[PDB]
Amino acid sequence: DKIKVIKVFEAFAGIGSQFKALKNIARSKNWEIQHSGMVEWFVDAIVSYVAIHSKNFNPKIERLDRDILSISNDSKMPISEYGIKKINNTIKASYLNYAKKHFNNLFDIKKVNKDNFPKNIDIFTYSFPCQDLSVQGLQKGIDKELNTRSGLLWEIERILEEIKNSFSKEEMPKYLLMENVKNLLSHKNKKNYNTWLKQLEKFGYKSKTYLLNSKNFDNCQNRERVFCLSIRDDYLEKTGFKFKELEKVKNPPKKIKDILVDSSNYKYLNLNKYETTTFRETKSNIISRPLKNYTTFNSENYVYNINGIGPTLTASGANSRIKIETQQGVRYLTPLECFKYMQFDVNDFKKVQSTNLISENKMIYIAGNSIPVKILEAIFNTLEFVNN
């Protein structure tokens, strides 16, 4: 029939917001979504990716595949030979083995080359690390010389350069999608970002940059992210694809209240010691009030009203600990609620929870690293493919 098979390759895959968004819109597009491959080295993300996206996977105690050597328990550092031994002969090893075998996980982007990068990819995503780009962090940036984690962007450059020479034009990925944080468009980062856009044109791609807020895509979260959607020059001509004006999109509001889960056994914060003020609403529809003498870290010092939207969920720190005011008291958004906040489903969260391998704080960590799924649904909805 006219079912189009869509082969997706996810670099820096995390828990697969990209794959989730494609499977969500697939039926409406008459698409069949297929794993071409992925690159993710973070043990908790990989386990969780498998939990969320597997069909009929049955975990068991297994030896770790002998070439699974570049993986990380914290997402920043490679695991030692000893840490690898500790994963060997466990249920967790089976998740890592399954990711390799069934999802074609290549684990470490540095280990990706023209000899293992799949041909004929329809959608190639690269949500590269934001650490050195985020305004919340130290802003070391992405200068090539510095070899930073956000600088792993230049590994994507390497890969494209390599495959350009060995692949036919038609074997090159059809669509590319970058995601990163808003500070990528800062004055200090523009030089590097512009250098990247010029390389993409060098590689035969036509691109558009979008700065999109999750709050405009049916979410109760202020989260501004930069996307660079690219289309291969010739495929643009063959399809007649045109870039949509996604920055003009505004959907109906959603409030924090709309995703909250009722419980009788929540832990409430004792804030009796701290002076406070009326709630105040900013232009963005964040309704918040400060806690005085709480900490010296600004972003930690706010309680949010559930009748507005909330702040960007971060993996760690202040914005991973989102305090909301409810009738029963002030509490943090829970891991379930953080999954819902990134527009994953309750069933997605239950699958990760049921693995019994991911702590509550690690579940928030991987949610905070992710992308709100309906932003991606909106972007992927604009894509065109040539009829079979």
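All residue numbers are counted from 1 along the displayed sequence. We call the rigid core the largest set of C-alpha positions that still match within 1.5 Å between the two forms.
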*More shifted region, core-based fit in 4 other deposited structures of this protein, 190 to 198 vs 158 to 166 by CA*: 190 to 198
*Superpose by the rigid core: which stretch, 98 to 106 or 124 to 132, shows more Cα shift in 4 other deposited structures of this protein?*
124 to 132
*Does residue 144 have no coordinates in at least a third of the other PDB entries examined?*
yes
*As stated in the PDB record, which stretch has the larger average Cα B-factor, 348 to 356 or 319 to 327?*
348 to 356
*Could you settle it for me: does 302 to 310 or 170 to 178 have the higher average Cα B factor in the PDB entry?*
170 to 178
*Could you check 129, 137, 252, 290 and tell me which one carries the biggest Cα B-factor in the deposited entry?*
252
*Pick out which of 215, 76, 85, 225 has the highest C-alpha B-factor in the PDB entry.*
85
*Position of residue 59 among the chain's modelled residues by C-alpha B-factor, lowest, middle or highest third*: highest
_Assigned third (lowest, middle, highest) for the C-alpha B factor of residue 125_ = lowest
*residue 219, C-alpha B-factor rank within chain (lowest, middle or highest third)*: lowest
*asked:* Is residue 33 in the lowest, middle or highest third of its chain when residues are ranked by C-alpha B-factor?
replied: highest
*Relative to the other modelled residues of the same chain, rank the CA B-factor of residue 235 and answer lowest, middle or highest third.*
highest
